[PDB]
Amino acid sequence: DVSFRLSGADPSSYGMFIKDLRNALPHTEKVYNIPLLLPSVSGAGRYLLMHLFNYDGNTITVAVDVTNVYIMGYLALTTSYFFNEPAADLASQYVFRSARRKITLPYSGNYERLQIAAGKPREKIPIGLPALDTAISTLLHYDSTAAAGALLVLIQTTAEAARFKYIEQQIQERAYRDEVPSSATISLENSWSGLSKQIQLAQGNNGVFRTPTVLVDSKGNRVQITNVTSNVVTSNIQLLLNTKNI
């Protein structure tokens, strides 16, 4: 399991949690020095448990699929909650079985559906460590519209930070003041599967992407990523989604 406490949190302690999260995801090889997530994992070993604690010390446990860093569902006191999607229903066969009741949320976990449920796109939702405190608090008691927004915060400040060093650093900058994600943040989140794929295809193609990936940069300008020498590949991305799952 991995844990993170908001009470006393600072950029250092958040970076320790993101490191723990990355290190809890199994891999058998690296591709261009980046851990390659596994094609498949059977049974309960598929799911990582993240223990998150708000400022007041209340807690949820979040179940994460280790093949793709997707959040499946979470436990809050004696109730489990899962996305309305087949991978999450499968997860509910293995995790949080001792909950008194299981609620299926009235959406799946992709950004498009969550944003519809929340009533707003994530361009307009501030993120940060204070926002993660708020999200944990919201998830403690069911409210499906509030939960969608909380879950957009939670996914960005855990999974997306684990995937991209730039996103981890953006959350660090928001340790004590929330701010809506930079355009580059959104770009990276949206490009993870594409990038993971192109990096794996570049092996066999001299480091060259078969199809270039369009991104927005740290300055807000629209760059084109064509090969493994790019900083996105050498410095930024930390985990690859296996092409077997693309």
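One-based numbering along the sequence shown. Throughout, rigid core stands for the largest set of C-alpha atoms superposing within 1.5 Å between the two forms.
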Checklist outcome for this item: Comparing 13-21 to 218-226 by root mean square Cα deviation from the shown form in 9 other deposited structures of this protein, core aligned, the larger deviation is found at 218-226
Item to check | Comparing 137-145 with 90-98, the one whose average Cα B-factor in the PDB entry is higher | outcome: 90-98
Checklist entry - As stated in the PDB record, which stretch has the larger average Cα B-factor, 58-66 or 41-49? => result 41-49
Item to check | Residue selected from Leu239, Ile246, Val2, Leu6 by maximal Cα B factor | outcome: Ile246
Checklist outcome for this item: Listed options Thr157, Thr78, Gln172, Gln115: highest C-alpha B factor recorded at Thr78
Checklist outcome for this item: Assert third(CA B-factor, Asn84) within chain per record equals middle
Checklist entry - Going by the entry, which third of its chain does the Cα temperature factor of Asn190 land in? => result lowest
Next on the checklist: Please place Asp178 in the lowest, middle or highest third of its chain according to the CA B-factor in the PDB entry.
Outcome noted: lowest
Item to check | Third assignment of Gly128 from its chain's C-alpha B-factors | outcome: lowest
Next on the checklist: Where does the C-alpha B-factor of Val232 rank in its chain, lowest, middle or highest third?
Outcome noted: middle
